[PDB]
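Working through the structure, step by step
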Amino acid sequence: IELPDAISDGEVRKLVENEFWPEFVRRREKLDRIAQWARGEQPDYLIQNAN
Amino acid sequence: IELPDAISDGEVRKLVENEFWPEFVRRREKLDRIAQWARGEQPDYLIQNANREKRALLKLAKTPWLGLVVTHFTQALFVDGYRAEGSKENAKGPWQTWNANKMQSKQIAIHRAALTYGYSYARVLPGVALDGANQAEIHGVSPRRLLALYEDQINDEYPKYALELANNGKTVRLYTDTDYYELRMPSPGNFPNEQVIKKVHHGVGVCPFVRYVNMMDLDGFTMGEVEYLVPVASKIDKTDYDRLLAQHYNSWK
Amino acid sequence: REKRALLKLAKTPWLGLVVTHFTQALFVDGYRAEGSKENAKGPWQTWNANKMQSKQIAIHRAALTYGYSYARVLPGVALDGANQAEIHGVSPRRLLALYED
Amino acid sequence: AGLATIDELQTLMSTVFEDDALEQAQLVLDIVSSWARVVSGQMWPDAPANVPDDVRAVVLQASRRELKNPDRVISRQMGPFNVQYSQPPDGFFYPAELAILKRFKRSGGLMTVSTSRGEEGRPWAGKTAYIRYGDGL
Amino acid sequence: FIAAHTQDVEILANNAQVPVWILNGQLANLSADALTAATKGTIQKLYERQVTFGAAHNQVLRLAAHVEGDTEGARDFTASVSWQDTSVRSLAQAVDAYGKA
Amino acid sequence: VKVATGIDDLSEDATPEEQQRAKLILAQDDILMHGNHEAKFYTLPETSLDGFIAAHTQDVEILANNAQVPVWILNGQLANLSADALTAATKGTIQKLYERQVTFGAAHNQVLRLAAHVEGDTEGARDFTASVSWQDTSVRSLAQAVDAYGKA
Amino acid sequence: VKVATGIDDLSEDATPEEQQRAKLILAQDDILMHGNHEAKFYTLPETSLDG
Amino acid sequence: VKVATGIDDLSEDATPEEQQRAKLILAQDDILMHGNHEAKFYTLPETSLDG
């Protein structure tokens, strides 16, 4: 995740589509888990489905 | 771990790669264990793997008590002024330096590091303010990113040589009394010979790191609030785990 | 190895707590002559220049732990010159002092 | 693969099995060996080689009981001759013989069954939403 | 199990010199003197930490003064940082005492 | 759980669907009877549920202490505490709020300095001494606060 | 400690390794049963821990 | 003290050394069992320690 010294007007699309957006999604998944934990949906350490 | 009297510009790479970095990693492993203990992951004196139903109960019983202790002792330590002897006014220079570096908030991090790992460092390097003149910059340094070496641990104010790891982990800087050398580190422990050791003369006069000792001891034991109270926190966690097992397996008729 | 872990769990630093409790209360705030409200300039400047406000804690801890402790007073020179002795607390584990009485 | 050889049975009973009496005796020995293997829980690979002495004795006694009294009678009269036997064992082995066969069990015969509540268990829950900030080691 | 957990948390609070009600239980109604006695250990530990970290802070600030010239500030070892009050006392009692003083 | 043993089984004639649950009337006045003298009627005891309540109280206390939140906010009730005892009991929460105030105030001052720099205001942008002011977070009665401040 | 006596021993067919622990499901709704009428199920008391 | 009577004695095959302590797993979920219906499991009370 090395930060380029300067982003050109033509490199913006490639940088966003390759380096920035996947990292944003990676952080967004965990942040969404944290957000849903704060709304009363605490993690289930013990699941007993099919009852 | 004998300290050389002086480090030459050509011996920096060999010294860092052979003597300093392995010791830094050796200390870093233990400091990482201490850090993860303070975040609620207390050591497991009794492991019962290959169940996955009691393991979840054990993870349920783990509570960050040591982190609570560190936070409680951190919230009460705040510096409000720097006054001379017999004066009601703050010293203009030192207090302006304290405020310009936003030390009101960074003192919290310094105190947390000192209370957790038993010691912490602050780096005072020369710099220039917005108006010019001369304004030093103070940056708190975690013990997990600095290896400070003292010729006398108990009775020294500044180290002889300090190996500093960048907050991004990409560069390693070795500090001396008057100069510091910056090395490019792509991989942990990998110092390519192709890179040129950049030399910067800070001119502070000594090693610019000041150590914040949690406990003063004549035997050199830098003791932290976390590793000192690990057995008690683990005992509480084990009692909670026993209660969890009892109410999970023997709670109903 | 299963009761040994329990035994290591049951060990608590009570004696360290006692020593810490007695150390935190012992602090020196001044050195005054007989019948004087002012600190003696020389001895108190020597006390402050050696950072004894913090090293007295270590000296007291060593004395309360091992039953005794030492402080070494050797000649030295200050930043301005003249004569300024340096006081360094010495642990009993690093000093063997011999007395005729 | 009987636990005791037919020669030992012949020596114990002081008889010689011939024609159909040999196949019946061999079948009885194999049957008693299967009972002993199931009760003791030890499946002896080499049945006559490494079998213990007391296991052989138990097998021989049970085989003799089954061969001499297959129908498990209590008394038997024919003219002036009368014989009254003791109570036959529940299966093939008396309680003492069952105790001897069970000596290979561990912890004095105590066995524990582990129970569960059907909950799978996710110890990694709570650590999933974790982002690494720092150098990275 | 509940009683054992309460005892263990009390042990942890006592060994960490943290007030018990911070970790478990509740603070019973205590007068000013009883409250001062109950929090004396935590306040003394905070004062020792203040002494050590204040020595470190003064070292940092003297080094910073030395970096930016300021020859007087660099060699001024008498100056020291000032920490905010850590005493747990009600506003009314503190104001009454200081006004009477 | 009411339990019956030794009753006449094979009843209800191969128990069907379509209701067929006569729902034997067992009210306060009814006397349950069985002809067979070998039949036994008894009940199975039930769980106390008090240990669960105590455990829940302990767990919520643990959560309140670890979050530095006052206990009465999460569970239980606040006992009658004097001014000093109340100040000591809420010291942790107030100190945590103060630390949050320090950090968020540094961030707010950064935001306001950037805003001043955006709109010109060269003096405001470089004024790192100015800081935001937070409203009081102390839990003290009006009478005590006014008396203390008037005496001061 | 839940204790069972008089149960059908010799079961599990020479109890093996490789899991084989079916982990009999005993939840709040399950009723534990045994065919043999001579079997006895009881529990052993536990230490008080108050002393 | 957990007490067992009427169990199958003569077991452990002339109880050896070199570990040989299988350490029967008796956790909160385990149900202790014995095939013999004459076996009895009970506990011996402990001293109060309050006096």
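Above this text is the structure in question.
Here's what I pulled together on the structure shown here. (Residues numbered from 1 in each chain as written, not as in the entry; some residues may be left out. Chains lettered and ligands numbered in written order. Part of a larger assembly, values for the part shown. Heavy atoms only, no water.)

1. Considering empty space enclosed by the protein
The tally for this structure, following the rule as stated, stands at five cavities of 30 Å³ or more. For the lining of the largest cavity, the secondary-structure elements that each account for two or more residues are helix 2 (20-23) and helix 4 (40-67) of chain E together with helix 4 (91-118) of chain F. Here the residues of the lining of the largest cavity sort into eight nonpolar, nine polar and two charged. Space inside the second largest cavity adds up to approximately 180 Å³. Around the second largest cavity, the lining comprises 15 residues; the ones closest to its centre are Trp21(E), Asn65(F), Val69(F), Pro70(F) and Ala89(F). Those elements that provide at least two residues to the lining of the second largest cavity are helix 2 of chain E together with helix 1 (50-66), helix 2 (71-74) and helix 4 of chain F. For the lining of the second largest cavity, a count of residues per class yields nine nonpolar, six polar and no charged. (1 Å grid on protein atoms, 1.4 Å probe; cavity = no way out; pocket = protein on both sides within 12 Å on 5 of 7 lines; lining within 4 Å. Points joined across faces, edges and corners; volume = space filled by probe spheres on them. Helix = DSSP H or I, 4+ residues; strand = E, 2+ residues; numbered from the N terminus. Nonpolar A, V, L, I, M, F, W, Y, C, P; charged D, E, K, R; others polar.)

2. Regarding the interface of chain B and chain D
Contacts between the two partners involve 19 residues from chain B and, on the opposite side, 14 residues from chain D. Of the roughly 1300 Å² buried at the junction of chain B and chain D (both faces included), carbon and sulfur atoms supply 46%. The largest per-residue losses of area from chain B upon contact with chain D belong to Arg52(B), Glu53(B) and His248(B), which jointly make up 34% of the total buried on that side. For the pair chain B and chain D, the number of links is three salt bridges. Across the pair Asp135(D) and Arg28(B) runs a salt bridge, and its minimum N-O distance is 3.3 Å. For the pair chain B and chain D, the interface holds seven residue pairs in polar contact. Listed by contribution, the elements that provide at least two residues to the side of chain B that touches chain D are helix 2 (54-60) and helix 6 (230-249) of chain B. Split into classes, the residues belonging to the side of chain B that touches chain D amount to six nonpolar, five polar and eight charged. (Contact = heavy atoms within 4.5 Å. Buried area = accessible area lost by both parts, 1.4 Å probe. Salt bridge = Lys/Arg side-chain N within 4 Å of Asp/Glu carboxyl O. Polar contact = N/O pair within 3.5 Å; in protein donor to acceptor, adjacent residues only side chain to side chain.)

3. Observations concerning the interface of chain B and chain E
Tallying the contact residues gives 52 residues for chain B and 44 residues for chain E. Counting each side, the surface lost to burial between chain B and chain E is near 4400 Å², with a carbon and sulfur contribution of 70%. Per-residue buried area on chain B facing chain E is highest for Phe73(B), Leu77(B) and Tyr82(B); these three make up 14% of the total on that side. At the boundary of chain B and chain E, one finds three salt bridges. Where chain B packs against chain E, one counts 18 residue pairs in polar contact. Broken down by secondary-structure element, the contributors of at least two residues to the side of chain B that touches chain E are helix 3 (65-74), strand 1 (79-83), helix 4 (92-100), helix 5 (103-117), strand 2 (119-125), strand 9 (209-213) and helix 6 of chain B. It is helix 6 of chain B that contributes the most residues to the side of chain B that touches chain E, nine residues altogether. Grouping the amino acids of the side of chain B that touches chain E by side-chain chemistry returns 34 nonpolar, eight polar and 10 charged.

4. A short note on the side chain of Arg117(D)
Assignment of secondary structure puts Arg117(D) in the segment after strand 3 (111-116). Here the side chain of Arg117(D) touches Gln28(G) through a polar contact of 3.2 Å, side chain to side chain. Other than its neighbours up to four places away in sequence, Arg117(D) contacts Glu53(B), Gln247(B), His248(B), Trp252(B), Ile25(G), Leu26(G), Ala27(G) and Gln28(G).

5. Considerations on the packing of helix 4 (residues 52-66) of chain C against helix 4 of chain E
With their axes 9 Å apart at the nearest point, helix 4 of chain C and helix 4 of chain E run at an angle of 130° to one another. Here helix 4 of chain E runs oblique to helix 4 of chain C, going by the angle between their axes. As for the relative orientation of helix 4 of chain C and helix 4 of chain E, their crossing is left-handed in sense. Facing helix 4 of chain C, whose interface residues are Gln53(C), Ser54(C), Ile57(C) and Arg61(C), helix 4 of chain E presents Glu48(E), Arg49(E), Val51(E) and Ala55(E). Its residues assigned to classes, the contact of helix 4 of chain C with helix 4 of chain E shows three nonpolar, two polar and three charged. (Axes fitted to C-alpha atoms, helices over the stretch in contact; angles between N-to-C directions. Parallel < 35°, antiparallel > 145°, perpendicular 65-115°, else oblique. Left-handed = near helix turned anticlockwise from the far one by under 90°.)

6. A short note on unusual backbone geometry
All names here are of chain G. Positive phi values are uncommon outside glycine, yet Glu 12 reaches one of about 60°. Along the chain, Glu 12 turns up in the loop between strand 1 (2-5) and strand 2 (24-25). Judged by its relative accessible area of 47%, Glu 12 is partly exposed. (Buried < 20%, exposed > 50% of the residue type's maximum accessible area, 1.4 Å probe, protein only.)

7. Brief notes about the side chain of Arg28(B)
Position of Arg28(B) relative to the elements: it lies in helix 1 (residues 12-37). Of note is the side chain of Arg28(B), whose polar atom sits 2.9 Å from the backbone oxygen of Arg144(B). Filtering out sequence-adjacent residues up to four positions away, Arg28(B) remains in contact with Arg144(B), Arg145(B), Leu165(B), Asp135(D) and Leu137(D).

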